[PDB]
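Computed from the coordinates by the stated procedures, all read-outs in this text should not be read as laboratory data. With ideal geometry, Cβ positions are generated from the backbone for all residues, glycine too; neighbour counts draw on all protein chains shown.
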Amino acid sequence: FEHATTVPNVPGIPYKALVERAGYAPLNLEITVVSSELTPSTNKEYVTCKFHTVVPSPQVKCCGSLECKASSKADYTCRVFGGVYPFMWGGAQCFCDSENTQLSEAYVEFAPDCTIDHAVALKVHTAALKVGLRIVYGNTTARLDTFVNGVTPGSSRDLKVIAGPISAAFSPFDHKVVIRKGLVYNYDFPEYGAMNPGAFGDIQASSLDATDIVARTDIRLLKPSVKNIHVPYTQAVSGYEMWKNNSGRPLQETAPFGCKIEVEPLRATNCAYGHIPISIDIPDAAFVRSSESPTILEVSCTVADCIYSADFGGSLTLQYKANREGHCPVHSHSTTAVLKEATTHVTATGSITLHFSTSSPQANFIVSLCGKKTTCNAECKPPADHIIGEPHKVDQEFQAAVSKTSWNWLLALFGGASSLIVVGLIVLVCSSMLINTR
Amino acid sequence: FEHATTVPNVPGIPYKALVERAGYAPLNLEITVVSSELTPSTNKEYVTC
Ligand SMILES: *[C@@H]1O[C@H](CO)[C@@H](O)[C@H](O)[C@H]1NC(C)=O
């Protein structure tokens with residue numbers, strides 16, 4: 001048999017649901033979402049890091065002329081200078097008064113340590129959600145893991161189960177993301193092929209060890225002004241360090257709904273938002289015929305005490321009269337309250353206590369014991385402790401916080417002035433015929 | 001759990017009170033004032049004889 005149900009997408013909060021079939025006792029269905037896994041699609045854009053300026057030994061032509069030549073190295077900057085007079089520890093290296101000329105070229109390359117300090121800029125899209133479910137029926141447990149899409153049933157014991165699609169899509173990831181040393185940042189990294197000195201992504205490479213690099217970082221050579229040989233270079237500060245200084249907080253301290261984010265797939269995990277519609281198919285053999293199910297008679301409630309607490313602190317008692325020994329299932333059909341146990345032993349005239357949680361002070365609802373029902377009600381109070389860190393609001397509030405006494409107060413407050421105007425019009429027409437008498 | 005009371009300051013008169021918590025059976029609580037003790041602060045002015 002196939003049964004459909006909507007469950008909140010949140011870990012550690014089981015959901016109880018029943019299946020009704022003629023001739024078969026109701027079967028408890030417990031559904032738990034063990035862990036969420038939001039894994040989006042990503043395409044590496046480029047990788048950047050701190051760079052390092054190669055300053056190769058300047059070329060010098062003694063007493064002759066020379067010309068600059070371009071090269072394919074990244075940020076290559078070449079410039080000639082005439083009138084130079086190179087000097088070294090050995091003294092003069094060229095000998096001609098101002099005829100000699102020196103050519104200086106510089107370029108940039110990623111520093112070796114980058115091999116571990118690299119930062120990769122990624123583009124994200126088409127977030128996909130994966131849910132792991134545990135289903136309990138007839139004190140039998142089964143596991144599965146399925147994509148949220150409602151067209152790819154999972155495989156578990158050759159059982160097909162379908163989930164989703166999500167009610168409202170949620171994704172903490174933004175179109176442009178940055179990764180470095182296990183940390184993820186939100187940032188609009190410049191597109192590959194576009195560079196801006198003194199900012200993130202001033203050195204860009206397709207791969208960490210790509211021989212081909214493209215990058216401009218505003219290197220301008222200077223005319224030598226010292227006796228000995230020396231090539232003076234001036235350039236802007238590396239952009240990667242500047243981003244590092246003010247990069248801001250990572251995404252672990254900004255993701256809503258407490259998504260725990262792992263880098264290597266770059267996926268969020270174990271966060272809650274939305275409702276999952278799921279259709280579960282149970283084998284028929286799992287069902288038990290009502291003939292062998294225990295028969296109960298003369299059931300009733302007694303609310304020993306109930307506390308309108310966030311945690312599961314409400315108590316209840318049920319009194320039953322039966323004839324056969326066995327186990328029968330129990331449940332609360334009112335969404336505002338959820339029980340704790342699903343099945344209980346049944347005796348000839350036994351009574352059993354149960355634990356339940358509610359999201360309203362007026363705890364009034366219908367509780368099904370085995371195949372029978374019993375309506376019953378009581379009043380709960382707010383708790384002394386108002387902050388706790390355990391599963392809360394097993395059912396969301398449904399504007400049911402209004403108490404029965406408050407309902408009665410509001411009902412009695414309102415009066416029928418409309419009836420009074422109607423009576424006024426009626427007596428007015430009566431007076432009208434009276435005037436017709438006069 | 002914290003629970004407050006007002007008791008008569010007098011020895012040999014036990015006071016019985018309860019604590020109410022949902023899901024917990026009521027717990028008796030007996031308070032007895034074994035002996036009072038009032039000590040004032042003093043200074044020695046002088047002595048005579
Ligand atoms: C499950 O419940 C049925 C009904 O009482 C019982 O016969 C069966 O032994 C239970 N199975 C386990 C593993 O407890």
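Observations on the structure shown:
- Selection status of A:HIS345, outside any loop (DSSP other than H, G, I, E, B), touching an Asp or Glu at 6+ places or on another chain (Cβ under 9 Å) and within 16 Å of the ligand (Cβ to nearest atom): yes
- Qualifying residue in the range A:267-287 (condition: within 16 Å of the ligand (Cβ to nearest atom), closer than 30 Å to A:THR349 by Cα and surrounded by 12 or more Cβ atoms within 10 Å (Cβ to Cβ)): yes
- Of all residues in the range A:125-159, exactly one satisfies the criterion of being in contact (Cβ under 8 Å) with a residue 24 or more places away in the chain, more than 16 Å from the ligand (Cβ to nearest atom), exposed (fewer than 14 other Cβ atoms within 10 Å of the Cβ) and over 20 Å from A:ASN9 (Cβ atoms), namely A:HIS125.
- Whether a residue is of a type in the set (A, V, I, L, M, F, W, C) and surrounded by fewer than 17 Cβ atoms within 10 Å (Cβ to Cβ) was assessed, and A:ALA163 does not pass this test.
- Single condition A:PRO294 does not satisfy, out of (1) part of a loop (DSSP other than H, G, I, E, B); (2) within 38 Å of the chain's Cα centre (by Cα); (3) not polar (S, T, N, Q): (2)
- Here A:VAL263 meets each of (1) more than 30 Å from the chain's Cα centre (by Cα); (2) within 30 Å of A:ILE166 (Cβ to Cβ) with one exception, condition (1).
- Subset of the range A:367-394 [within 30 Å of A:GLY326 (Cβ to Cβ) and more than 14 Å from chain B (Cβ to nearest Cβ)]: A:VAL367, A:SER368, A:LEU369, A:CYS370, A:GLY371, A:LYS372, A:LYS373, A:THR374, A:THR375, A:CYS376, A:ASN377, A:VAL394
- Annotation for the range A:85-102: no member residue is in a strand (DSSP E or B), surrounded by fewer than 16 Cβ atoms within 10 Å (Cβ to Cβ), within 16 Å of the ligand (Cβ to nearest atom) and without any contact (Cβ under 8 Å) to a residue 12 or more places away in the chain.
- Any hit, the range A:301-317, residues being assigned to a strand (DSSP E or B) and within 16 Å of the ligand (Cβ to nearest atom): no
- When residues in the range A:202-233 are screened for being free of Cβ contacts under 8 Å to residues at least 40 places away in the same chain and surrounded by 12 or more Cβ atoms within 10 Å (Cβ to Cβ), 5 of them pass.
- Long-range neighbours under 7 Å by Cβ, at least six apart or interchain, first residue farther than 18 Å from A:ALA310 by Cα within the range A:326-344, second of a type in the set (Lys, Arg) and more than 10 Å from the ligand (Cβ to nearest atom): A:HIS331/A:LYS16; A:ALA342/A:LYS16
- Residues satisfying the stated conditions in the range A:348-364, i.e. part of a strand (DSSP E or B) and either surrounded by fewer than 20 Cβ atoms within 10 Å (Cβ to Cβ) or within 14 Å of another protein chain (Cβ to nearest Cβ) (or both): A:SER351, A:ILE352, A:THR353, A:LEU354, A:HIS355, A:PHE356, A:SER357, A:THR358, A:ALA363, A:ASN364
- Within the range A:80-137, the set of residues being closer than 30 Å to A:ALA286 by Cβ and touching a helix residue (DSSP H, G or I) at 6+ places or on another chain (Cβ under 9 Å) comprises just one member, A:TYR137.
- Any hit, the range A:111-124, residues being touching a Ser or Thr at 6+ places or on another chain (Cβ under 8 Å), farther than 30 Å from A:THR146 by Cα and among the hydroxyl-bearing types (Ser, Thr, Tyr): no
- The set of residues in the range B:20-49 that are closer than 30 Å to A:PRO382 by Cα and either in a loop (DSSP other than H, G, I, E, B) or in contact with a helix residue (DSSP H, G or I) (Cβ under 6 Å, 6 or more places away or on another chain) (or both) comprises B:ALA22, B:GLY23.
- Test for A:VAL303: is it within 14 Å of another protein chain (Cβ to nearest Cβ) and touching a residue at least 24 places away in the same chain (Cβ under 8 Å): yes
- Filter pass, A:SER247 being crowded, with 19+ Cβ neighbours inside 10 Å, among the polar types (S, T, N, Q), out of contact with any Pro (no Cβ under 9 Å at 6 or more places or on another chain) and over 30 Å from A:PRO11 (Cβ atoms): no
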